[PDB]
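Next comes entry.pdb, a file with PDB, C-alpha atoms.
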```
ATOM      1  CA  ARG A 122       9.408  39.343 -52.947  1.00  0.00           C
ATOM      2  CA  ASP A 123      12.098  42.071 -52.839  1.00  0.00           C
ATOM      3  CA  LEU A 124      10.443  45.198 -51.402  1.00  0.00           C
ATOM      4  CA  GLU A 125       7.607  43.258 -49.739  1.00  0.00           C
ATOM      5  CA  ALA A 126      10.182  40.853 -48.301  1.00  0.00           C
ATOM      6  CA  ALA A 127      12.490  43.643 -47.120  1.00  0.00           C
ATOM      7  CA  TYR A 128       9.530  45.283 -45.383  1.00  0.00           C
ATOM      8  CA  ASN A 129       8.587  42.015 -43.685  1.00  0.00           C
ATOM      9  CA  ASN A 130      12.202  41.491 -42.583  1.00  0.00           C
ATOM     10  CA  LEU A 131      12.176  44.963 -41.042  1.00  0.00           C
ATOM     11  CA  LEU A 132       8.890  44.267 -39.234  1.00  0.00           C
ATOM     12  CA  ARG A 133      10.586  41.218 -37.692  1.00  0.00           C
ATOM     13  CA  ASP A 134      13.666  43.212 -36.614  1.00  0.00           C
ATOM     14  CA  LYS A 135      11.496  45.988 -35.153  1.00  0.00           C
ATOM     15  CA  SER A 136       9.588  43.451 -33.051  1.00  0.00           C
ATOM     16  CA  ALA A 137      12.901  42.054 -31.801  1.00  0.00           C
ATOM     17  CA  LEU A 138      14.208  45.500 -30.846  1.00  0.00           C
ATOM     18  CA  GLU A 139      10.914  46.487 -29.215  1.00  0.00           C
ATOM     19  CA  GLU A 140      11.164  43.424 -26.963  1.00  0.00           C
ATOM     20  CA  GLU A 141      14.756  44.212 -26.028  1.00  0.00           C
ATOM     21  CA  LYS A 142      13.689  47.776 -25.257  1.00  0.00           C
ATOM     22  CA  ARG A 143      10.826  46.484 -23.098  1.00  0.00           C
ATOM     23  CA  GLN A 144      13.229  44.295 -21.104  1.00  0.00           C
ATOM     24  CA  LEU A 145      15.688  47.156 -20.559  1.00  0.00           C
ATOM     25  CA  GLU A 146      12.913  49.541 -19.466  1.00  0.00           C
ATOM     26  CA  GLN A 147      11.619  47.024 -16.930  1.00  0.00           C
ATOM     27  CA  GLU A 148      15.133  46.355 -15.616  1.00  0.00           C
ATOM     28  CA  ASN A 149      16.117  50.045 -15.487  1.00  0.00           C
ATOM     29  CA  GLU A 150      12.988  51.034 -13.597  1.00  0.00           C
ATOM     30  CA  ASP A 151      13.708  48.253 -11.086  1.00  0.00           C
ATOM     31  CA  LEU A 152      17.286  49.492 -10.686  1.00  0.00           C
ATOM     32  CA  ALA A 153      16.084  53.099 -10.337  1.00  0.00           C
ATOM     33  CA  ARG A 154      13.635  52.144  -7.579  1.00  0.00           C
ATOM     34  CA  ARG A 155      16.230  50.062  -5.716  1.00  0.00           C
ATOM     35  CA  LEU A 156      18.742  52.916  -5.922  1.00  0.00           C
ATOM     36  CA  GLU A 157      16.252  55.425  -4.484  1.00  0.00           C
ATOM     37  CA  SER A 158      15.405  52.957  -1.718  1.00  0.00           C
ATOM     38  CA  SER A 159      19.104  52.514  -0.940  1.00  0.00           C
ATOM     39  CA  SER A 160      19.650  56.280  -0.972  1.00  0.00           C
ATOM     40  CA  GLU A 161      16.783  56.774   1.479  1.00  0.00           C
ATOM     41  CA  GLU A 162      18.310  54.113   3.748  1.00  0.00           C
ATOM     42  CA  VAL A 163      21.655  55.945   3.646  1.00  0.00           C
ATOM     43  CA  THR A 164      20.148  59.281   4.704  1.00  0.00           C
ATOM     44  CA  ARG A 165      17.991  57.609   7.357  1.00  0.00           C
ATOM     45  CA  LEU A 166      21.018  55.883   8.868  1.00  0.00           C
ATOM     46  CA  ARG A 167      23.113  59.027   8.714  1.00  0.00           C
ATOM     47  CA  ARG A 168      20.386  61.108  10.391  1.00  0.00           C
ATOM     48  CA  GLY A 169      20.424  58.693  13.307  1.00  0.00           C
ATOM     49  CA  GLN A 170      24.143  57.888  13.486  1.00  0.00           C
ATOM     50  CA  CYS A 171      26.211  60.729  12.061  1.00  0.00           C
TER      51      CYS A 171
ATOM     52  CA  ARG B 122       3.817  55.584 -51.712  1.00  0.00           C
ATOM     53  CA  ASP B 123       1.915  52.956 -49.747  1.00  0.00           C
ATOM     54  CA  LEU B 124       4.517  50.190 -49.484  1.00  0.00           C
ATOM     55  CA  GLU B 125       7.438  52.532 -50.179  1.00  0.00           C
ATOM     56  CA  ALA B 126       6.275  54.925 -47.445  1.00  0.00           C
ATOM     57  CA  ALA B 127       5.597  52.070 -45.008  1.00  0.00           C
ATOM     58  CA  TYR B 128       9.090  50.698 -45.635  1.00  0.00           C
ATOM     59  CA  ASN B 129      10.730  54.070 -45.026  1.00  0.00           C
ATOM     60  CA  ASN B 130       8.712  54.576 -41.817  1.00  0.00           C
ATOM     61  CA  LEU B 131      10.098  51.245 -40.581  1.00  0.00           C
ATOM     62  CA  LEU B 132      13.644  52.233 -41.534  1.00  0.00           C
ATOM     63  CA  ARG B 133      13.108  55.297 -39.322  1.00  0.00           C
ATOM     64  CA  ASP B 134      11.582  53.285 -36.457  1.00  0.00           C
ATOM     65  CA  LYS B 135      14.478  50.804 -36.487  1.00  0.00           C
ATOM     66  CA  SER B 136      17.093  53.572 -36.418  1.00  0.00           C
ATOM     67  CA  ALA B 137      15.294  55.241 -33.498  1.00  0.00           C
ATOM     68  CA  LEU B 138      14.940  51.939 -31.599  1.00  0.00           C
ATOM     69  CA  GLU B 139      18.635  51.136 -31.982  1.00  0.00           C
ATOM     70  CA  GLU B 140      19.519  54.518 -30.475  1.00  0.00           C
ATOM     71  CA  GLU B 141      16.988  54.105 -27.651  1.00  0.00           C
ATOM     72  CA  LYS B 142      18.410  50.660 -26.856  1.00  0.00           C
ATOM     73  CA  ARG B 143      21.959  52.031 -26.658  1.00  0.00           C
ATOM     74  CA  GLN B 144      20.770  54.863 -24.388  1.00  0.00           C
ATOM     75  CA  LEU B 145      18.944  52.357 -22.170  1.00  0.00           C
ATOM     76  CA  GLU B 146      22.056  50.145 -21.955  1.00  0.00           C
ATOM     77  CA  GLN B 147      24.124  53.169 -20.894  1.00  0.00           C
ATOM     78  CA  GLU B 148      21.614  54.106 -18.189  1.00  0.00           C
ATOM     79  CA  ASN B 149      21.420  50.448 -17.047  1.00  0.00           C
ATOM     80  CA  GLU B 150      25.184  50.425 -16.408  1.00  0.00           C
ATOM     81  CA  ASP B 151      25.086  53.816 -14.644  1.00  0.00           C
ATOM     82  CA  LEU B 152      22.217  52.745 -12.380  1.00  0.00           C
ATOM     83  CA  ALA B 153      23.986  49.501 -11.426  1.00  0.00           C
ATOM     84  CA  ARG B 154      27.166  51.434 -10.573  1.00  0.00           C
ATOM     85  CA  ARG B 155      25.311  53.964  -8.416  1.00  0.00           C
ATOM     86  CA  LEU B 156      23.359  51.176  -6.734  1.00  0.00           C
ATOM     87  CA  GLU B 157      26.595  49.330  -5.917  1.00  0.00           C
ATOM     88  CA  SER B 158      28.112  52.496  -4.423  1.00  0.00           C
ATOM     89  CA  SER B 159      24.982  53.109  -2.339  1.00  0.00           C
ATOM     90  CA  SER B 160      24.928  49.516  -1.061  1.00  0.00           C
ATOM     91  CA  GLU B 161      28.557  49.805   0.067  1.00  0.00           C
ATOM     92  CA  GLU B 162      27.711  53.001   1.961  1.00  0.00           C
ATOM     93  CA  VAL B 163      24.830  51.254   3.727  1.00  0.00           C
ATOM     94  CA  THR B 164      27.274  48.501   4.691  1.00  0.00           C
ATOM     95  CA  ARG B 165      29.777  50.996   6.118  1.00  0.00           C
ATOM     96  CA  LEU B 166      27.030  52.773   8.067  1.00  0.00           C
ATOM     97  CA  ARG B 167      25.671  49.548   9.532  1.00  0.00           C
ATOM     98  CA  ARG B 168      29.154  48.790  10.924  1.00  0.00           C
ATOM     99  CA  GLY B 169      29.460  52.270  12.452  1.00  0.00           C
ATOM    100  CA  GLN B 170      31.592  53.993   9.790  1.00  0.00           C
ATOM    101  CA  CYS B 171      30.134  57.438   9.016  1.00  0.00           C
TER     102      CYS B 171
END
```

Written form, structure tokens:
Amino acid sequence: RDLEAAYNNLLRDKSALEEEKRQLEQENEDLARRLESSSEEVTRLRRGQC
Amino acid sequence: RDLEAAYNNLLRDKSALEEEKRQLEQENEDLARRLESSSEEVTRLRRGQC
């Protein structure tokens, strides 16, 4: 199936990478939100304590 | 080029996805590091260390 097959094997790889990308985006946005929340806690504490 | 063009478009997509995944992995590690630093600063502040 040479060229047909090679195309279908690339479709499968692309789907695999797209899923990995989706996982990393979801995890990075969670980390980014938690960082900003931690940063806001730092400045809030410092405003009241330092 | 129907099949030939579709194949080459996928070659391009795969190459772009691999680079986006590496970028995302880099930013994942950077976010985790910054989040860990922030969390330690919150801990210091909560025990009175400005």

Q: Lay chain A over chain B with a least-squares fit on all the C-alpha atoms, paired in sequence, and tell me the RMSD.
A: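 Fitting chain A to chain B over paired C-alpha atoms yields 2.1 Å.
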
Please write the residues picked by the PyMOL selection byres ((chain B) within 9 of (chain A)) on this file as a PDB file with C-alpha atoms, keeping the file's coordinate frame.
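Output contents, as saved in result37.pdb:
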```
ATOM      1  CA  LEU B 124       4.517  50.190 -49.484  1.00  0.00           C
ATOM      2  CA  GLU B 125       7.438  52.532 -50.179  1.00  0.00           C
ATOM      3  CA  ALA B 127       5.597  52.070 -45.008  1.00  0.00           C
ATOM      4  CA  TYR B 128       9.090  50.698 -45.635  1.00  0.00           C
ATOM      5  CA  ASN B 129      10.730  54.070 -45.026  1.00  0.00           C
ATOM      6  CA  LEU B 131      10.098  51.245 -40.581  1.00  0.00           C
ATOM      7  CA  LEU B 132      13.644  52.233 -41.534  1.00  0.00           C
ATOM      8  CA  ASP B 134      11.582  53.285 -36.457  1.00  0.00           C
ATOM      9  CA  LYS B 135      14.478  50.804 -36.487  1.00  0.00           C
ATOM     10  CA  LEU B 138      14.940  51.939 -31.599  1.00  0.00           C
ATOM     11  CA  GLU B 139      18.635  51.136 -31.982  1.00  0.00           C
ATOM     12  CA  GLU B 141      16.988  54.105 -27.651  1.00  0.00           C
ATOM     13  CA  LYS B 142      18.410  50.660 -26.856  1.00  0.00           C
ATOM     14  CA  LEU B 145      18.944  52.357 -22.170  1.00  0.00           C
ATOM     15  CA  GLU B 146      22.056  50.145 -21.955  1.00  0.00           C
ATOM     16  CA  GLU B 148      21.614  54.106 -18.189  1.00  0.00           C
ATOM     17  CA  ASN B 149      21.420  50.448 -17.047  1.00  0.00           C
ATOM     18  CA  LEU B 152      22.217  52.745 -12.380  1.00  0.00           C
ATOM     19  CA  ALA B 153      23.986  49.501 -11.426  1.00  0.00           C
ATOM     20  CA  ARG B 155      25.311  53.964  -8.416  1.00  0.00           C
ATOM     21  CA  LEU B 156      23.359  51.176  -6.734  1.00  0.00           C
ATOM     22  CA  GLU B 157      26.595  49.330  -5.917  1.00  0.00           C
ATOM     23  CA  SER B 159      24.982  53.109  -2.339  1.00  0.00           C
ATOM     24  CA  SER B 160      24.928  49.516  -1.061  1.00  0.00           C
ATOM     25  CA  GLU B 162      27.711  53.001   1.961  1.00  0.00           C
ATOM     26  CA  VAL B 163      24.830  51.254   3.727  1.00  0.00           C
ATOM     27  CA  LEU B 166      27.030  52.773   8.067  1.00  0.00           C
ATOM     28  CA  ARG B 167      25.671  49.548   9.532  1.00  0.00           C
ATOM     29  CA  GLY B 169      29.460  52.270  12.452  1.00  0.00           C
ATOM     30  CA  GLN B 170      31.592  53.993   9.790  1.00  0.00           C
ATOM     31  CA  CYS B 171      30.134  57.438   9.016  1.00  0.00           C
TER      32      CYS B 171
END
```

Q: Could you please determine the separation between CA of residue 122 (chain B) and CA of residue 123 (chain A) in Å, to one decimal place?
A: 15.9 Å
